[PDB]
Amino acid sequence: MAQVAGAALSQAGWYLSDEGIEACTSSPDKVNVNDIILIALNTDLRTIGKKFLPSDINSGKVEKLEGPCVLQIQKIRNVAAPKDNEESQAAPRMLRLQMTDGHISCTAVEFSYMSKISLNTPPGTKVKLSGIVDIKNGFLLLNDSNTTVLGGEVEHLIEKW
Amino acid sequence: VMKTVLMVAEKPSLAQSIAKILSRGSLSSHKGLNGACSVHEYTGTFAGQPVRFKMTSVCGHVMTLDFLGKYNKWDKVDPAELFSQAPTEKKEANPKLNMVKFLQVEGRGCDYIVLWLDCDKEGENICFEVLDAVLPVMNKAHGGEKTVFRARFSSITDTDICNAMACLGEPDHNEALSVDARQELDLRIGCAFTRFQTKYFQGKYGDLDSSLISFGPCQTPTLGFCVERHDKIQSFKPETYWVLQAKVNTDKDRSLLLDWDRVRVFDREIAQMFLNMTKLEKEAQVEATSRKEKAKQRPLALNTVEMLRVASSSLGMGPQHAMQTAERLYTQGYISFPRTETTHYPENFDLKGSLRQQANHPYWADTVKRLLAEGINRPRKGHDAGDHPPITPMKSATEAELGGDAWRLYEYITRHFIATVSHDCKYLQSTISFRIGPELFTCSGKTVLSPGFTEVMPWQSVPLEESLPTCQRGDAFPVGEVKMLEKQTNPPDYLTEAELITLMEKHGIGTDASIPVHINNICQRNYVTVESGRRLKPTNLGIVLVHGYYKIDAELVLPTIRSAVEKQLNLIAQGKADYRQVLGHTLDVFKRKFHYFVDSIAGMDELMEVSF
DNA sequence: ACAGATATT
Ligand SMILES: [Mn+2]
């Protein structure tokens, strides 16, 4: 069941270690793919995962990311607004997303309106990137054609002003 | 056989304007004992009998409210005693004008007294003072009858007859007590606080000797506005933001400058990326061109607040100076009443006549003549309030007969009136959207079509741009040097007088005639200083006062407390709430606050010890 | 030495 589960998660786009899957594995030895997807999605990604992104993803000399990939948001900042205001309507909303895979970190820029990732999105929310996605000057480009927001729930973001 | 009739108006101007209308020319010149009023006679019939009319004026507010002579001395009364243990009496304002005895000697006839005073709360106060003065001397009522009547009017041209016959009601003591309660509250709330502060700070700090520290329901929040802007200006950290600007060459050397669709980027690497996607690319396409007709809407009718704001901002005159100049102009008869909050014109207004009067001045002659020939647009509908008509010119004026600040204010008043009567501005807003890679830029321009009120206010004009090229989409304009500009956020500057007046009006602090007085008071008490473009920079005294107030029961400075007290006064006036109960409740609440303040003053003391 | 608000002609 381990091999078929690993293949199913690979197809679905989740890259989780064997120990992470076993931790996400429920009491029965029988594991349902949707059930483990839900359980893992509820948990923080830094504990469970595997090395997906290249070690130099934050240096610019990659320029491409291929295949499905699940990533965890950690901090969202509105670049087009001052740090004091953070909600001014004097600029189109551009979001800088600090994404993690559990081992390294990458930074992504909105580059277009999403209507699915907002400044109220809690850290721990997970996003799936599908198809080829562009990297320029060490920044991921997040158009609406590849970012799918899976509704996450993690206990962070307790204090906000 | 003839029965005497008495009538009282507020100023002898209204006395003339009412007698000449209600008497059909039969008047008299009977200058009174005081030497400042007039008595007018007439013959009529209000209750089916020949009655000899009599009509006079009580100029200004008759009696003021002040403490007894024992408690006015600063060194003999404990300030707290001013809250509840201090009697208060109604003295006669400007006693050299013996108004009370004038009224008493003129009042000898019964069966008729009416009240042609202002139709506001001030008018109710004045009228009940007049009735108090006049009843003890008038003739006794014979059996059951009504002797006291009141007339209500918003104009004195032809409504006066209908008011004289039908609209003969009674005065409203409930609303006439609201102003008395306000006076008593304000006097007791001040006086005591300022006396305590003055006797405390004049015996502890040398540099404050022979200086007055004043607290009031309107002065202190006014200072607090400037102090909070000072807190914001000294509690701001500049932030660096990068704006990407690129230019294109349209035909030969037009050098069209564009601005980025995303107006700013508060990051360095992101801005460098967005430059790297645009720098090395040499062409630029166009995606959308939009030509839209838009209208810059005409100004409303002038009121005192907007007049003061414009005098402070554009003309360069203080609020008290502007108010004094307006009062002087009204006294000479050039303009109308200058303290009015009515941005709406009355239905029966001679707009054509007022505009035709200003048809022989070499600054507005052509515009006024063309406007009268073509037609006049109806003025914008505004917020009427019933307190006198808006400020409008009433007589032709020229540089020779008045000069300086008087002319500089008259010019603005006349131009505002003409602009209100004139047409509306129209301009083409042409926006062109360029694409210089995976990046969008835009360029906007304005082109006037029919200058309306712009022709009479050449400071609301649309700036002259050099037009935009007619692009048909799919162009291939060459680009220039796409540069990443580095900029810093600018800290806010100190409050201007116009902004302070706007805050006063928004929060209800002060009235149409007390805003300049409050601003001048905070300026002369060495709390704020006027600097550059009429900016009110707070001084050390203002900073320490407002900060200490924030530390010590911080609700004596917030603008909301004055609004709450005013709501209580309105509840008094309408009738829902009583008078003595609310008087005592507010007095005791603020007495508790003052007792807290007196023993908590150590915070303000230690906050002042850092300064002088 | 005071509040605020108003102020003929
Ligand atoms: Mn009045």
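A chain's residues are numbered here from 1, following its sequence as written, a convention that may not match the entry; residues for which no coordinates exist are omitted. Chains and ligands are labelled by the order in which they are written, letters from A for the one and numbers from 1 for the other. No hydrogens and no water enter the side-chain calculation; it runs on all heavy atoms of the structure.

> Hey, could you go over the overall build of chain A for me, with residue numbers and the actual values?
The helix and strand inventory of chain A stands at three helices and eight strands. Relative to its length of 161 residues, chain A is compact, with a C-alpha radius of gyration of 17 Å against a globular reference of 15 Å. Each principal axis of the C-alpha distribution contributes one length, and for chain A these read about 55 × 35 × 25 Å. Residue burial in chain A is summarised as follows: out of 161 residues, 43% are buried. We call two residues contacting when some pair of their heavy atoms lies within 4.5 Å. Intrachain contacts of chain A at a sequence separation of at least 6 include 67% that bridge at least 24 residues. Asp and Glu count as negative and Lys and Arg as positive, but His and the ends of the chain are not part of the count. Where a charge lies is defined by one atom per residue type, namely NZ (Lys), CZ (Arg), CG (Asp) and CD (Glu). A gap of 5 Å separates the mean positions of the 16 positive and 19 negative side-chain charges of chain A. Runs of E in the DSSP output that reach at least two residues are strands. Runs of H or I that reach at least four are helices, and both are numbered from the N terminus. The size measure is the radius of gyration over C-alpha atoms, and the globule rule it meets is 2.2 Å times the number of residues to the 0.38 power. In this scheme, a residue with accessible area under 20% of its type's maximum is buried, one over 50% is exposed, and one in between is partly exposed, where area comes from a 1.4 Å probe on protein chains only.

> If you had to explain the overall build of chain B to someone new, which residues and values would you point to?
Scanning chain B for helices and strands turns up 19 helices and 18 strands. Dimensions of chain B, computed from C-alpha atoms along their principal axes, come out at roughly 105 × 70 × 50 Å. With 612 residues in all, chain B has 46% of them scored as buried. When the accessible surface of chain B is totalled, it reaches about 30600 Å², and 50% of it is carbon and sulfur. Surface accessibility follows the Shrake-Rupley procedure with a 1.4 Å probe radius. Residue values consider only the protein chains on display as shielding.

> Now, about the protein's contact with DNA strand C: what can you tell me, with residues and values included?
Residues and elements named next belong to chain B. By convention in this text, a residue qualifies as near a molecule or strand provided that one of its non-hydrogen atoms is within 4 Å of it. Around DNA strand C, a shell composed of 33 residues is seen, among which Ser13, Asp186, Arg339, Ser514 and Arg525 lie nearest. A share of 63% is what sugar and phosphate atoms reach among the atoms of DNA strand C within 4 Å of the protein. In the environment of DNA strand C, a base oxygen lies 2.9 Å from a nitrogen or oxygen atom belonging to the side chain of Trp74. Contact between DNA strand C and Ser514: a phosphate oxygen at 2.5 Å from a side-chain N or O atom of the residue. Secondary-structure elements contributing two or more residues to the surface near DNA strand C are helix 1 (12-22), helix 6 (173-201) and helix 15 (515-524). Ranked by residue count, the leading element in the surface near DNA strand C is helix 6, at eight residues. All residues other than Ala, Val, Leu, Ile, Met, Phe, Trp, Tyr, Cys, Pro, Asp, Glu, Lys and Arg, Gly among them, are scored as polar; the first ten of these are nonpolar and the last four charged. Residues belonging to the surface near DNA strand C are distributed by class as follows: 11 nonpolar, 12 polar and 10 charged. Here a polar contact is taken to be a pair of N or O atoms separated by no more than 3.5 Å, where protein atoms must pair a possible hydrogen donor with a possible acceptor and residues adjacent in sequence count only if both atoms sit in side chains.

> Hey, could you go over the interface of chain B and chain A for me, with residue numbers and the actual values?
Contacts between the two partners involve 17 residues from chain B, matched on the other side by 18 residues from chain A. Between chain B and chain A, roughly 1500 Å² of surface is buried when both sides are summed, and carbon and sulfur atoms account for 68% of that area. By definition here, a salt bridge exists when the distance from a side-chain nitrogen of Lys or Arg to a carboxyl oxygen of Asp or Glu is within 4 Å. One can count one salt bridge joining chain B with chain A. We note a salt bridge from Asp267(B) to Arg96(A), for which the minimum N-O separation is 2.7 Å. Joining chain B to chain A, the criterion identifies four residue pairs in polar contact. Class assignment of the residues belonging to the side of chain B that touches chain A gives a composition of eight nonpolar, two polar and seven charged. Note on definitions: buried area is the accessible-area loss of two parts on being combined, 1.4 Å probe, summed for both.

> How would you summarise the nonpolar core if you had to cite specific residues and measurements?
Take the buried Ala, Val, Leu, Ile, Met, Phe, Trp, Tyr and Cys residues and link them wherever side-chain atoms come within 4.5 Å; each set so joined is a nonpolar core. Counting 89 residues, the largest nonpolar core has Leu500(B) and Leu545(B) as its most contacted members. Here this core takes 10 residues from helix 13 (residues 405-421) of chain B, the largest share from any one element. Judged by nonpolar contacts, the second largest core, of 33 residues, contains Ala80(A), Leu244(B), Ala284(B) and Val286(B).

> Quick rundown of the environment of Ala36(B)? Include the residues and the values.
Residue and element names in this part refer to chain B. Position of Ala36 relative to the elements: it lies in the loop between helix 1 and strand 3 (40-44). What makes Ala36 partly exposed here is its relative accessible area of 28%. With 23 residues separating them in the primary sequence, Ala36 and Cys59 have C-alpha atoms 8.1 Å apart. Not counting residues up to four positions away in its chain, the partners in contact with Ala36 are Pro12 and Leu97.

> Outline the domain arrangement of chain B, listing residues and values.
Residues and elements named next belong to chain B. An automatic or database domain assignment supplies the start and end points of every domain. Per the domain assignment, the segments making up chain B are domain 1 (3-59 + 97-171), domain 2 (176-235 + 494-609), domain 3 (240-296 + 425-488) and domain 4 (304-419). When each unit is reduced to the centre of its C-alpha atoms, the spacing between domain 1 and domain 2 is 40 Å. Listed per partner, the contact involves five residues of domain 1 and four residues of domain 2. Among the residues of domain 1 in contact with domain 2, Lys121, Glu122 and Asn125 are the three that bury the most area, contributing 84% of the side total.

> Break down the pairing of strand 18 (residues 535-538) of chain B for me, citing the residues and quoting the values.
All names here are of chain B. Of the two faces of strand 18, the one holding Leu536 and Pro538 is buried and the one holding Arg535 and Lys537 is not buried anywhere. Pairing geometry for strand 17 (residues 528-531) and strand 18, over four bridges, is antiparallel. Looking across to strand 18, one finds that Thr529 is bridged to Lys537. Note: two strands are recorded as paired if DSSP finds a minimum of 2 bridges between them. Hairpin connection between strand 17 and strand 18: a loop of three residues separates the two successive antiparallel strands, and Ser532 in this loop has a positive phi of roughly 55°.

> Let's hear about the side chain of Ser433(B): which residues, and what values?
On the secondary structure map, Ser433(B) appears in strand 13 (residues 425-435). Contact partners of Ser433(B), with chain neighbours within four places excluded, come to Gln285(B), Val286(B), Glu287(B), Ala288(B), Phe441(B) and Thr442(B).

> Which residues make up the pattern of salt bridges, and what values do they have?
All names here are of chain B. For the structure on display, the rule yields 24 salt bridges over all chains. Residue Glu184 is joined to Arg188 by a salt bridge in which the shortest nitrogen-to-oxygen separation is 3.7 Å. Remark: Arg188 and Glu184 occur in helix 6; sequence separation between them is four residues, near one turn of the helix. A single burial state applies to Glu184 and to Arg188, both of which are buried. The salt bridge partner of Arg262 is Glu439, with a shortest N-O separation of 2.7 Å.

> An account of the packing of aromatic side chains is requested, with residue identities and associated values reported.
Aromatic rings in a pair are described by how distant their centres are and how their planes are angled relative to each other. For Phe, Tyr and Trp, where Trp contributes only its six-membered ring, two rings pair if their centres lie within 6.5 Å, and the inter-plane angle classes them as stacked under 30 degrees, edge-to-face over 60, or tilted in between. In total, this model carries 28 aromatic pairs over all chains according to the counting rule given. Relative to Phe597(B), the ring of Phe193(B) lies with its centre 5.7 Å away and its plane at 65°, an arrangement referred to as edge-to-face. Remark: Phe597(B) occurs in helix 18 (residues 580-600) and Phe193(B) occurs in helix 6; sequence separation between them is 404 residues. Under the relative-accessibility criterion, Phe193(B) is labelled buried at 1%. Grouping aromatic residues by their ring pairs yields a cluster made of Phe83(B), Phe193(B), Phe196(B), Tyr200(B), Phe201(B), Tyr205(B), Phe215(B), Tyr549(B), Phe594(B) and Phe597(B). Cation over ring: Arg93(A) sits above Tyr113(A), and NZ or CZ is 4.5 Å from the ring centre. Counted as over-ring charges are cases with an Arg CZ or a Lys NZ within 6 Å of the ring centre that also lie within 35 degrees of the ring normal.

> Just give me the short version of the sheet that holds strand 12 (residues 283-296) of chain B, but keep the residues and values in it.
Spatial ordering of the open sheet is given by 11-14-13-12-15 (chain B), a layout of five strands whose pairing is antiparallel. Bordering the open sheet on either side are strand 11 (259-260) and strand 15 (477-478) of chain B, each of which pairs with just one other strand.

> Explain the coordination of the manganese ion to me, and be specific about the residues and the numbers.
All names here are of chain B. Only N, O and S atoms count as donors, using a 2.8 Å limit from the metal and a wider 3.2 Å limit for Na, K and Ca, and since water is excluded some coordination spheres may look unfilled. Note on the manganese ion: its protein donors are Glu10 (OE) and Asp118 (OD). The metal-donor distances range over 2.1 to 2.4 Å. Of the two residues, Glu10 is situated in the loop between strand 2 (6-9) and helix 1 and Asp118 in the loop between strand 7 (113-116) and helix 4 (121-134); the sequence distance between them amounts to 108 residues. With respect to burial, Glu10 and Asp118 carry one shared label: buried.

> Quick one: what's the story with the sheet that holds strand 1 (residues 64-65) of chain A, residue by residue and with numbers?
Neighbouring strands of a sheet are bound in pairs by backbone hydrogen bonds; such pairs are parallel or else antiparallel. On the basis of which strands lie adjacent, the open sheet formed by eight strands has the order 1-6-7-4-3-2-5-8 (chain A) and mixed pairing. Because the sheet does not close on itself, it has two edges, and the strands there are strand 1 and strand 8 (147-150) of chain A. In this description, a line fitted to the C-alpha atoms serves as the axis of each element, helices being fitted only across the stretch in contact, and the angle between N-to-C directions of two axes falls anywhere from 0 to 180 degrees. Most of the contacts of helix 8 (residues 268-276) of chain B go to strand 7 (residues 139-141) of chain A, to which it runs at about 60°, and overall it touches strand 3 (95-100), strand 4 (105-109), strand 6 (133-136) and strand 7 of chain A.

> Would you mind going over the packing of helix 14 (residues 497-507) of chain B against helix 15 of chain B in detail, with residue names and values included?
Packed helices, taken two at a time, are described by the angle their axes make and the gap between the axes. All names here are of chain B. The interhelical angle for the contact between helix 14 and helix 15, taken along N-to-C directions, is 125°, at an axis separation of 11 Å. Considering the angle they form, helix 14 stands oblique to helix 15. As for how helix 14 packs across helix 15, the hand of that crossing is right-handed. Facing helix 14, whose interface residues are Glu497, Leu500, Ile501 and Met504, helix 15 presents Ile515, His518, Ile519 and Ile522. Angles below 35 degrees are treated as roughly parallel, those above 145 as roughly antiparallel, those between 65 and 115 as roughly perpendicular, and all remaining angles as oblique. Crossing handedness: left-handed means the near helix sits turned counterclockwise from the far one by under a right angle, and right-handed means the same turn made clockwise.

> So what's going on with helix 13 of chain B? Residues and values would help.
Multiplying 1.5 Å by the helix residue count minus one yields the expected span of that helix. Taking 1.5 Å of rise per residue, the 17 residues of helix 13 of chain B would be expected to cover 24 Å, and the 25 Å separating its terminal C-alpha atoms lies within 8% of that figure. Of all 17 residues in helix 13 of chain B, 15 are buried, a share of seventy percent or more.

> Summarise the pairing of strand 2 of chain B; cite the residues concerned and give the values.
Residues and elements named next belong to chain B. Neither face of strand 2 is open: one carries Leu6 and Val8, the other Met7 and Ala9, and all of them are buried. Sheet topology note: the strand 2/strand 4 (residues 51-57) ladder contains three bridges and is parallel. Among the inter-strand pairings, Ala9 is bridged to a residue of strand 4, identified as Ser57.

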